[PDB]
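# Residue-level structure breakdown
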Amino acid sequence: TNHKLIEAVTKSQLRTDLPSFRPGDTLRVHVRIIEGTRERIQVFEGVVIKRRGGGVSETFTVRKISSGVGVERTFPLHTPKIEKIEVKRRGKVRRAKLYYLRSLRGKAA
Amino acid sequence: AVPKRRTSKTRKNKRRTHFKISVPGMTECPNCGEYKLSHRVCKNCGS
Amino acid sequence: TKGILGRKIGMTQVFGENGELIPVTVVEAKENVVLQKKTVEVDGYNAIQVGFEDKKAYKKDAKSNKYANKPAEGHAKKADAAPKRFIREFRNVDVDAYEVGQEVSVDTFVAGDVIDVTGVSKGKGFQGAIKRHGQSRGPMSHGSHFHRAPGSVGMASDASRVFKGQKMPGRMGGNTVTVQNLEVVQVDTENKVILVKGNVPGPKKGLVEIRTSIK
Amino acid sequence: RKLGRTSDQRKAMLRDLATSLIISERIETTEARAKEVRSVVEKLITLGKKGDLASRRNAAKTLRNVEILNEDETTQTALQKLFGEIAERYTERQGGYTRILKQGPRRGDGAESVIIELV
Amino acid sequence: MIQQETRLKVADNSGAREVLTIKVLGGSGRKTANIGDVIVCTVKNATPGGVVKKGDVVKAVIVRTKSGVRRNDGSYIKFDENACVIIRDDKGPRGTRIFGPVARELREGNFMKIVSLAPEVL
RNA sequence: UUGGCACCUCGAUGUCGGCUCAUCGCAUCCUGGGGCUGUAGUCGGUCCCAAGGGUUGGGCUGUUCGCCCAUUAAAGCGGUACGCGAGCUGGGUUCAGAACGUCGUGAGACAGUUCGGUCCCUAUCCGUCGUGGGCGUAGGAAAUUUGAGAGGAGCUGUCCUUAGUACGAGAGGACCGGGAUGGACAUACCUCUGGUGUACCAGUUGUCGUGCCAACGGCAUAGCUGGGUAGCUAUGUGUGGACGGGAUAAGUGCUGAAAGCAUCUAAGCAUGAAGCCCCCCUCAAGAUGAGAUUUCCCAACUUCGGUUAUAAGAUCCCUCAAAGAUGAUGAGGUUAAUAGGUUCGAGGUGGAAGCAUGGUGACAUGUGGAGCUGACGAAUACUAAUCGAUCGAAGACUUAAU
Ligand SMILES: [Mg+2]
Ligand SMILES: [Mg+2]
Ligand SMILES: [Mg+2]
Ligand SMILES: [Mg+2]
Ligand SMILES: [Mg+2]
Ligand SMILES: [Mg+2]
Ligand SMILES: [Mg+2]
Ligand SMILES: [Mg+2]
Ligand SMILES: [Mg+2]
Ligand SMILES: [Mg+2]
Ligand SMILES: [Mg+2]
């Protein structure tokens, strides 16, 4: 544990029911945004690269190619702005973190 | 990087005045007839 | 106003409203029972001095300073509380109220009262030129033997001195500093801590007095 | 974490100091070795209190492969010593917590010699 | 960041293919940049045809720098290519068919003719 | 600046540019305040008071200077041995080599070019930036403090509201008050983003060794690559520049004679600036003019010669660290949680070894999110902080209020 009293303030804001997984999975993260006359909600496919630093300050990130460009997006996973996480496919990787995706056909299986 | 002046017989003795040595602890053993140094153990003491 | 005397324990993040993440320093504010106060009638400045975390009883064989002494015994018997470790003036506020011997509270504030913070620095030992003050180093190649020292200090012999206030290598030092206009995102009562916004000086298990702002 | 000289030595010297602690049971040395060798040979003989094969391999990470013995006119290979004559001796709760006792300085230097004792 | 003399694979359909930034225009002594600022820059490569020609100083908005940007919730958008869009000095591009998915942050700075003319915007 | 004179220096006063670091004038470049305009408004010219703060990145040449590109609110002029080589480069100038033009019949010459050319020093005293011991402060000690003084900080743009209104036909387009976020700079701090992380974890290469296979050490920059906790940091996260007062400078004013009118002035009364002082933060009673409040301790020898020998309170000495060059600052010393260990946990790594199954194998899969863990958190006296010593007050006189 961190202390006896960090989490005593902080466990009351930690978020429940986010299906725990591991780097190598393939995610479809929805997220609510606002723009003008909309509270529209947007999907975002991708592959988890890394997952880090547990507690209320825990963090993961995902990577998706978009049109030839590798968009990499990062979230603090307990935010109340993420809506729903699926797990499209399990993964078989050896390394924990996966920084070596600067290639063009990785295909983690 | 040289002296410009020989230092006289006042600033020789006034400079070295914080250059001494103090006595150490010197607590005696109960049955040594010999003074150990504090928080130590001698070779031929009551320590 | 209501100068509490908490100590830090660390720093975390707390998700505010709609999406906003704001970093938070958590300040453990233990018991604070007010000792004697001093006014303009006695000798001339209206102030409330406040204690902080207590220690054990008095006068056996004071190896440490977690035991009291005959000075701080009678100085703390006057308010009939346990002897203290940190006593600080507050000539900011309220000569009228705050009866002597009163625990203050933790909830004098609300989630939105802006505050200030006074605490000591880290202190990073004896460090040199381009790390203490914002000076820039020399060239690291093309032959120069001037990497990291400070440059010239003064002019030639129409000023045969070096002017004091010269910013030379000395100790980095822990001296006091006050950030201004931090705010409180959340107050706890039961676990007896508060929170602030951003980050305050003074490394963990330190000391920091906070008070109202002066905006 | 204190030091001696450099990173290659500070493992291979310091592991070759607990070996001489094992076959002699008291040695004298200076401070910053003996303040620091306290917390390696004592952490090592938690592996005495487990004493299984998975702990046998990790005891070969530290001790020498060396220092045959002759106390019973026969060869105990100094890995078979600590699992029969040290782990059997100790069953107190904090492993094999050893004592130190300080002495005076030395002649040509000013380091305080200190007998450690495996008790 | 993108600073004094970077080199940028531009994203427009307007003849340039690589530009280099002389100045990051903004305040005095401005050094760095990120998505939504405007840099002045002179082309080096040139597609045969197009609009602009090699050696013509043009002004141009920044899009998708390599380091991320911290939007105010805790997210980050790290791309994988420095890029650019040549503007008409009325906050609209030259050509029509800009490639290369664009960050959402350039909306408060009224660049909204780029966003509607673009593929997938995040 | 270019000179004139030869007064100091030849028993050596190192010489141009540039980097490092500033400090000072105002004949002001921006910003603040006004007069006057042949000032419609927005812009602009010219002049007065004003040093508080700001004053940019590149190409060219050794350059100074200069022209040129893109910006900015502006790219000010100068002094400080044409500031700064016991702080730095050496590109030129002023060393030996060689060559070209040229002058000299010749050796050689040139403020004409041209390529290559050794930059020495361990700080005595002042001056600095920090940091401790003795003594003073009419009894000793602890804690908190007042603040004479002294430092620090002072900069600005762009967008929107008033409004497309006043002026001006039309082109365009505010003064004055409010609302937003940017730039540069000065701080504080690692939760996030990254970097480092040399007793952590995993893969693999040669070769040697543990009698051999499996396992595992040694050495090869840490043998090499992927990652990584604490601590330290920026390109990362927050905060900052005040609001408000008092007298004025330029200027504008009211009342008003000298000098029956006018007239800002002579006596009075206004108003008026990023400027001065108080306000903001930091230090500061060695401020010998040594301040202030609360709390604790008070004796025998003895012609006070105080001989002493102690209290309060420290310290010597030890285990370390939120501190740290040593000393100093803090946390502790058995009635103990100060370190180390033991146990549990966070974080990190990524599924140990054996054993079994399958494959002729190379190796796959279960047992099992395993094993293994340096700095961070909690619990526990298991080892070590033992027994001792050293220093340390017993309160003068004067007159005054009683
Ligand atoms: Mg002259
Ligand atoms: Mg003459
Ligand atoms: Mg002579
Ligand atoms: Mg001479
Ligand atoms: Mg010379
Ligand atoms: Mg003037
Ligand atoms: Mg100035
Ligand atoms: Mg070039
Ligand atoms: Mg001739
Ligand atoms: Mg072999
Ligand atoms: Mg206990």
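Residues numbered from 1 in each chain as written, not as in the entry; some residues may be left out. Chains lettered and ligands numbered in written order. Part of a larger assembly, values for the part shown. Heavy atoms only, no water. Residues with missing side-chain atoms left out of burial classes, pairs and counts.

Convention followed: UniProt positions are given in the numbering used here, feature names are shortened, and annotations may be inferred rather than shown by experiment.
The name the PDB entry assigns to chain E is 50S ribosomal protein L14, from the organism Staphylococcus aureus. Under its PDB record, the entry appears with the title "Methicillin sensitive Staphylococcus aureus 70S ribosome". Regarding chain E, the UniProt comment filed under Function reads as follows: "Binds to 23S rRNA. Forms part of two intersubunit bridges in the 70S ribosome." Its UniProt record gives chain E the following Sequence similarities comment, quoted word for word: "Belongs to the universal ribosomal protein uL14 family."

The PDB entry annotates chain B as 50S ribosomal protein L32 originating from Staphylococcus aureus. In its Sequence similarities section, UniProt records this for chain B: "Belongs to the bacterial ribosomal protein bL32 family."

## Details of the protein's contact with RNA strand F
Let me state the cut-off plainly: When we say a residue is near a molecule or strand, we mean one of its heavy atoms is within 4 Å of it. Polar contacts here mean pairs of N or O atoms no more than 3.5 Å apart (in protein, one a potential hydrogen donor and the other a potential acceptor; neighbouring residues in sequence count only if both atoms are side-chain atoms). Secondary structure counts use DSSP, requiring at least four H or I residues in a row for a helix and at least two E residues in a row for a strand, with both numbered from the N terminus.
Neighbouring RNA strand F are 128 residues; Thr1 of chain A, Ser152 of chain C together with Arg10, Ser39 and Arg57 of chain D lie closest to it. Considering the 4 Å shell around the protein, atoms of RNA strand F inside it are sugar or phosphate in 77% of instances. Here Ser64 of chain C contributes a side-chain N or O atom positioned 3.1 Å from a phosphate oxygen of RNA strand F. The side chain of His75 of chain C places a nitrogen or oxygen atom 3.4 Å from a sugar or linking oxygen of RNA strand F. The element that contributes the greatest number of residues to the surface near RNA strand F is helix α3 (residues 31–44) of chain D, accounting for six residues.

## A closer look at the sheet that holds strand β1 (residues 26–29) of chain D
Strand pairing in a sheet is mediated by backbone hydrogen bonds. Such pairs are either parallel or antiparallel. Residues and elements named next belong to chain D. Our working definition: Pairing between two strands is assigned when DSSP locates at least 2 bridges connecting them. Axis lines are fitted through C-alpha atoms, for helices just across the contact stretch, and the angle between N-to-C directions can take any value from 0 to 180 degrees. Contacts are residue-level and defined by heavy atoms, with any inter-residue pair within 4.5 Å sufficient.
Taken together, three strands build an open sheet; the order of strands is β1-β3-β2 and the sheet is antiparallel. Edge positions in the sheet fall to β1 and β2 (99–102), since each has one partner strand and no second. Within the sheet, the average angular offset between the axes of one strand and its neighbour, ignoring direction, is 20°. Each of β1, β2 and β3 (114–117) touches α3; the most contacted strand, β3, lies at about 15° to it.

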